[PDB]
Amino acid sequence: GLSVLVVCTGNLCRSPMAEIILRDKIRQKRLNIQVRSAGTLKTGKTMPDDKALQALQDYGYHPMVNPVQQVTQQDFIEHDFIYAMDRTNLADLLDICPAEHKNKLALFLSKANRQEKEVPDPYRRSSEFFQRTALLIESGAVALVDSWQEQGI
C-alpha cells in the first residue's frame, strides 16, 4: 500500500523514534503504510540507543523496536518515500542514491510547515533534549500521516 523509510546517521536515535511514532499513528487510522528505519553510518550496536527509547515510553509508546539497520541500495527501490532527519543525512543519502530515485528523498520535517526543517542531533545529550526532540519528530510525523491521508481520493 505504501513503504516508507526514515534515515539518520546511525539509526540509533532519530530514525527509530521517527519509525515508532510513525507506526503508532499509521495504526490508529488503519492506514496501509509500513515504515522502517536505517542509518547511513554502520555501527557495532544492535539496538537503538536507550535514552532514545526512554523518551518515547515517557510519552506513552510501548514500542516493538526493530534492530539497527544501515541503509542499502535495495531501499532506494523498495521504498516509495525516504525521509532524512537532518540535511547532513540527506547529502550522504544523495551521494549514493541512483539518479532514478533522487525524487524519493525529502527531509522529515519537510511537510511540517515550521521554522524547523532539520531534526538536530540528540546523540549523548540530556534527557530533556530528547523530550523536545521527540516532540519535533512527533510533529513532523502527524503532518506526514495527514499528508498521506490526502493523496488518496
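Position 1 is the first residue in the sequence shown; the rest follow in order.
Undergrad: Of the two stretches 99-107 and 35-43, which shows the higher Cα B-factor on average in the entry?
TA: Averaged over C-alpha atoms, the B-factors run higher in 99-107.
Undergrad: Is the mean CA B factor in the deposited entry higher across 131-139 or across 19-27?
TA: 19-27 has the higher mean C-alpha B-factor.
Undergrad: Quick one: which of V119, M64, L53, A91 shows the highest Cα temperature factor in the PDB entry?
TA: Spelled out: the listed residue with the top C-alpha B-factor is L53.
Undergrad: Going by the recorded CA B-factors, say which third of the chain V7 sits in, lowest, middle or highest.
TA: Lowest third, going by the recorded CA B-factors of the chain.
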